[PDB]
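Asker: Sequence first, structure after; it's an experimental one.
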Amino acid sequence: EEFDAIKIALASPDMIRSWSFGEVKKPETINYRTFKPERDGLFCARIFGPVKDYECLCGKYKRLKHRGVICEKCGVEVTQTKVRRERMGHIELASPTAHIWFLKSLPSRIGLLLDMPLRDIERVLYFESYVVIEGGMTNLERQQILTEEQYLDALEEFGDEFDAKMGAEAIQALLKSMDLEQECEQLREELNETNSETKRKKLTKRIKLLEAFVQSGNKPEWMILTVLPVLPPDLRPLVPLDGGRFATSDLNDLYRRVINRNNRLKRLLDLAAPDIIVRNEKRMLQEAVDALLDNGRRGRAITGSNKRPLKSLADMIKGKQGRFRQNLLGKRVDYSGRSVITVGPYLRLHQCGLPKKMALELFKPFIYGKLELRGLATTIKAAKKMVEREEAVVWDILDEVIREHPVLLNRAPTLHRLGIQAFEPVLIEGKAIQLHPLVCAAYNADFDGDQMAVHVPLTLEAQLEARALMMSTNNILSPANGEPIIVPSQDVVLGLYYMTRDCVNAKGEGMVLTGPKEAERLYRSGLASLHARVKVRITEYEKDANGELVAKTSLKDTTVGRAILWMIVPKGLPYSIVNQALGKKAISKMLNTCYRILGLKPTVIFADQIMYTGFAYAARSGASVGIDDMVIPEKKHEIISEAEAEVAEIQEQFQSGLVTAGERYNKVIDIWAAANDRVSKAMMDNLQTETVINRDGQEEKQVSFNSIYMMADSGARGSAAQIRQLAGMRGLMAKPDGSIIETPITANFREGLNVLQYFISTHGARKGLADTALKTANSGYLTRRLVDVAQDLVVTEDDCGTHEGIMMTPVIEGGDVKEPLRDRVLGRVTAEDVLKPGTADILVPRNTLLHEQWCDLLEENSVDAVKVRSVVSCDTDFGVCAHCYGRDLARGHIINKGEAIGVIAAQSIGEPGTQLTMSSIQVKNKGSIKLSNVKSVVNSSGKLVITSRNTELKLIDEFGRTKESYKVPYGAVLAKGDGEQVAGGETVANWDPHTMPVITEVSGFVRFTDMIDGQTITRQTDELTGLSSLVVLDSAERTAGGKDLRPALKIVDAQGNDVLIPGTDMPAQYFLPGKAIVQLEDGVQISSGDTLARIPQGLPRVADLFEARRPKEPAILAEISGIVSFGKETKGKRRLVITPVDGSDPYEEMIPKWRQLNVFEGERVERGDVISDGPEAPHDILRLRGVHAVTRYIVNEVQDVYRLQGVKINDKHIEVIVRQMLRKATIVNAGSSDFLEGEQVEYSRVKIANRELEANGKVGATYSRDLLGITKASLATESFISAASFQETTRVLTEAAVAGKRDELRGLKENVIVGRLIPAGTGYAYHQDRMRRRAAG
Amino acid sequence: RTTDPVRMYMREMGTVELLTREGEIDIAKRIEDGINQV
Amino acid sequence: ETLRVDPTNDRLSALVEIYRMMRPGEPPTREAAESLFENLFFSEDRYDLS
Ligand SMILES: [Mg+2]
Ligand SMILES: [Zn+2]
Ligand SMILES: [Zn+2]
């Protein structure tokens, strides 16, 4: 069985000769009584193989007396009956025909080769016109079409000296004529002549085709076909039912029609007819052929009596009911079952309820072997009927076996890895699996009708895999982010909040105990309040010594509950930690810190006991919701009366006709929103602390004892808006239009809706519901795409010895920190030695793990930037090291190599999203201020104003780490300078949000030069004031006389000389586009910082983001540094006269100046400086920038997207899929291989790592790096089988076939589909054994 | 851009019309002549 | 605008090009196009409003 690799190829004719047993004949099947095959047809036993034991069709030859005899009555043979499925017959052809995939798909492969278009070839091969096989007289030409009548002209003209024909035969002759060599050298040559772009591309295309056929050895004449295989029956069967009424394939008629039409054809070739019918028949032939190959491709599709079209061969390989997705990747399985699911509250972590008969059914051969071992059921039939008796020993044995035999657990959707688990069995008297409740989380499951299913660890390898990997102890932190996933959900947390609580009210205040035990004596004797602060001693511990506990006791005035709750503490911990009412977040950090500090099991056991005590006390705690908990505040009516009077006033205004309707819309909607807010304040203050309870004092209040509020405060259920829904008016309503309604709701659920109000609720209700139904497909589609890219990657290595990657800095901008740079680093490994602001204090030797000792040790330090051996900066051929990744989250340690990184990345990423679609500047506080890469000016007011748009202001703290960062317009007006100290709450910045200022940093007289009324401009003289200038019109409105003359008001000295840009020799006057209208007159002065002019006025988003979708409106960038001016004057678009400092000027491109410009016609930029506005292209960024810019860009982008919904995932998940979007770099020079072609950046980095190495200095070729859209990148891959499995398979088949492709079974998909072990993780070891075996031969 | 050879053959038989009632007898005459002359 | 755009010079050009969109490839005759057009919207059989 065992084999190394696979290889595609064309089927040569002699290959079917080499596969064949017999040409076929008449198509009939059986005798309407004797339901038995006829011969040389479709179910002929003779050639595919025999049906029964050693019998001919009549029964003449049998018994092995006639061992090898073929029956001379029927020509029927003697053998076993398995070879049916390995053999294939064949059929010879009366004509030749061509294969369709080499025709009809994009680039033709055949006329492509020939430089003859398709429809030409059609018109030949629909048999409607002839065409020159060969210009015998070169008077006519090879590849020359000659109509049925023009052919005649040439015919009676010449006769002999041409070959000019029609049909597959002519094409055979031609392809058989043409050489590969001469064309190939001549193509390579005359490329040199004019390698114009489309031309050169086409040259390359055909050249490749040529040398491909050369080197594969595949032949073009074998494109044409004269023998065709045949399929065996049982893939196309014919089978009965009770009525003697059968069932058949979609296919058998295809062969039936085909063979019959051949029969007709040959029959009519015996007879020397006109070729008209010959044509008609053979067109029916090719019809039947290519419809077999693809029914519903070419013509009106073919149906039976069904009127459903008939399934092609191709269809069976294709879509989801294609093989790959239907029965090769997902599969029915033996030894499994399913169930409704209920809880086991009392259970332990490892345990799972198990309806015993399920295991009974499932653990059959175990106990049968066990009874032959015991011999009570000596034989097996005895075992069956004894099983059937229900002997108690059956169950004794079954408990005996089921011990330590672990099991699997499956809910659907198994969206991420934790949607299935593996527990130990425990049996139960019922048909209802129990489970440990807390893990509804990972399943997102609930006891409302959900279901689950099971699978069996038969092999011990699976047994142990299970027990070590999917034992629940293993996996309790998410691998995506570092939180526990066993958060105690709703009731437990609440009973907890009840206990650990501090009334003043109940009783028993200000006494002393030795420890919590006698408080239990009280409380279980029922003597003290439990949520009641009272003095007592404790004795806690701490491992302050080198992992050695530090014992001591002392007092606390603590609640009785908290005192008791200490009792479970495992011996490391303070009492301060247990000094509050323990928000759900609190419990999270509890379990966190326990695991962080001790290890797993104390936290485990702690957790179980916590669940248990929660059950106990929340059963004790007393809990109900009712109608008197539901309280509405009183001061609500007259607020609504105020609203009524005010809307009546605004009604009177709109009646009067002063105020408009949309104004009024915003007015009314805002004031209703304010009313809702006031009601919210009312109800919250009237509920949360509504409770006045007195202890040894007149009056005092504390947190409420109402059920509803404590449900809200625990985070178990409820929320302030939800309580508003039941109690208050809940906001307002958007109709399905997307509008928002003017009259919100008045009453609540407590009072009772209106007819209309609920009728109105309906709209947005159904809206959100259809969204509930219909956002998920996006997620699954997305998900399988993502993983389809990224399976191939697994850790290669431990250290790649590589060099620095990207820098790490926090994301605090807009407000405060949004990822602590602490948190950014977490588990990562440096790029380099790294020091402290106390300088020259290195702590990594270029790389260490960075654990919370380091994280806090350097949170002390005010360092705020570090670099890391990046995911992408890694350089291993075929994968990576482990260092460049760092730490396993869900473990909590550096990965040991050999595990799939892509899969968990996508499960991290796409799992959550299912839910997740659903002027001036003002300092807040005091601190230093930083503005860099800045050219600005002390304006005429005495403050800084920008001349370099790149600048943005920051609020730096007094230390130096930024508090805020905010953009600032070009030439905006400040009240402050850089690197100063200024009070919080101050509007430093100001600008008209419509102006785009034209500040003059030169100071000087102004004169009306270059510019004339109505010519380049208008002259508008303000009716308002009296002071104006020459008033510049827009692109269109100026009269075209001076629209080819860039208008420029001009600055000069007294002498009329242009005031140079001070310090530079560049003159300083402004070429004015529209809206830059100046306020001063001729002869007047501007100063430094003086405006001459003022210039007035989602989920699929992320789909576009990672797809590398490239927008419609680029905010384009400076291709190269140096000065620039504008280009040709708008034949559709204007252009851009580049002028480098020292390079070459000519590069210009179209500009829509209908979309605003940023730079002006005498203004300089640096390369990579933005020029237009809108969105931009990342492709340009990579084309211009390196890696870190764009990398950082999109990671920040989409992390902000999901962090809107408050969703936390680490970066490397993102960093890694990027490198799979860069599997290719396009070449620059040549000499190694061909000139440019997009080739593996990996293999590029090899050949340069060999060829530019001492092989040469360089023969080879520089390159540029290439992006690929994920869905195309996937396809654009070495392996084809993966590429055959998900999308656009057919063309992939062809493209592999043409070239003699040969896969090598490295990928996950590749080695799964073959039924081999993984080349990674578990079978990593075995596979690398195979690796160094092949190394070892 | 017709793909249906139904059209092709109804058109191309459309070339030829019906020839009758002496052509019936005149093909017959040429052929019985050819027969008697073999 | 449409009329200057309309090339069909006589009524019969209209009848036949209407036929030809209705019957592309097919050689037009008079009664073919005539009976055709009336069958489409002027025959009680193949057409009713209810
Ligand atoms: Mg459910
Ligand atoms: Zn026989
Ligand atoms: Zn690495």
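Answerer: Now that the structure is in, tell me what you want to look at. Residues are numbered from 1 along each chain as shown, chains lettered A, B, ... in the order given. Ligands and ions are numbered 1, 2, ... in the order given.

Asker: When you work out contacts or count neighbours from here on, use the C-alpha atoms and nothing else.
Answerer: Fine.

Asker: Helices along chain B, start to end?
Answerer: B:5-12, B:23-37 (DSSP state H).

Asker: Report the distance from the shortest one to the chain centre.
Answerer: In terms of C-alpha atoms, centre = their mean, to the nearest Å, the centre of helix B:5-12 is found 16 Å from the chain centre.

Asker: Over to stretch A:1272-1282?
Answerer: The answer for stretch A:1272-1282 is 17 Å, by C-alpha atoms, centre = their mean.

Asker: quick one: terminal-to-terminal distance for that stretch?
Answerer: End-to-end distance for stretch A:1272-1282: 13 Å, by C-alpha to C-alpha, to the nearest Å.

Asker: Kindly report the same for stretch A:1201-1217.
Answerer: 18 Å.

Asker: what comes up buried for it?
Answerer: A:1201, A:1202, A:1208, A:1209, A:1210, A:1211, A:1212, A:1213, A:1214, A:1215, A:1216, A:1217 (16 or more other C-alpha atoms under 10 Å in any protein chain shown).

Asker: any residue of it up close to ligand 3?
Answerer: No - on the criterion C-alpha under 5 Å from the ion, stretch A:1201-1217 is out of touch with ligand 3, staying 11.3 Å away.

Asker: ok so, going back, what's the most buried one of the helices of chain B?
Answerer: helix B:5-12 (a mean of 14; mean count of other C-alpha atoms under 10 Å in any protein chain shown).

Asker: now what about it, what contacts it?
Answerer: Here helix B:5-12 makes contact (C-alpha atoms under 8 Å, 6 or more residues apart in numbering or on different chains) with A:280, A:283, C:26.

Asker: what's the closest of the buried residues of stretch A:1201-1217 to ligand 2?
Answerer: Using C-alpha to the ion, residue A:1217 comes nearest to ligand 2 of the buried residues of stretch A:1201-1217, at 65.3 Å.

Asker: I'd guessed residue A:1296 sits against residue A:7; true?
Answerer: No - the pair residue A:1296 / residue A:7 is not scored as a contact, 9.2 Å apart, by C-alpha atoms under 8 Å.

Asker: quick one: which of those two has more around it?
Answerer: residue A:1296 (20 against 11; other C-alpha atoms under 10 Å in any protein chain shown).

Asker: Does the more buried one lie in a helix or a strand, and which?
Answerer: If you go by DSSP states H and E, residue A:1296 is part of helix A:1289-1297.

Asker: For residue A:466, which non-adjacent residue is spatially closest?
Answerer: Nearest residue to residue A:466 in three dimensions, chain neighbours excluded: residue A:422, at 6.3 Å (C-alpha to C-alpha, 6 or more residues apart in numbering or on different chains).

Asker: Make sure that neighbour is indeed in a strand.
Answerer: Yes - using DSSP: H, G, I helix; E, B strand; the rest coil, the assignment for residue A:422 is a strand.

Asker: For it, give the beta-bridge partners.
Answerer: residue A:408, residue A:471 (DSSP bridges).

Asker: neighbours around it, how many?
Answerer: Residue A:422 has 27 neighbouring residues, counting by other C-alpha under 10 Å.

Asker: my read: it touches residue A:473, true?
Answerer: No - using C-alpha under 8 Å, residue A:422 is not in contact with residue A:473, being 10.4 Å away.

Asker: Now a ChimeraX select for only the buried ones of the contacts of helix B:5-12.
Answerer: Selection command for ChimeraX covering only the buried members of the contacts of helix B:5-12, criterion 16+ other C-alpha under 10 Å:
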select /A:280,283
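
Asker: From the contacts of helix B:5-12, which land in helices?
Answerer: Per DSSP H, these map to helices at A:280, A:283.

Asker: Also near chain B: which of the contacts of helix B:5-12, exactly?
Answerer: A:280, A:283, C:26 (C-alpha under 8 Å from any C-alpha of the partner chain).

Asker: quick one on the thing from earlier: for the buried residues of stretch A:1201-1217, please prepare TSV with the additional fields secondary structure.
Answerer: Output for the buried residues of stretch A:1201-1217, formatted as TSV (three-state DSSP):
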residue	secondary structure
A:1201	helix
A:1202	helix
A:1208	coil
A:1209	coil
A:1210	coil
A:1211	coil
A:1212	helix
A:1213	helix
A:1214	helix
A:1215	helix
A:1216	helix
A:1217	helix
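
Asker: which among those gets closest to ligand 3?
Answerer: For these, the nearest to ligand 3 is residue A:1216 (11.3 Å; C-alpha to the ion).

Asker: Tell me how far the closest one lies from residue A:432.
Answerer: 43 Å.

Asker: before we move on, the earlier item: and which of the contacts of helix B:5-12 is nearest to residue A:665?
Answerer: residue C:26 (63.1 Å; C-alpha to C-alpha).
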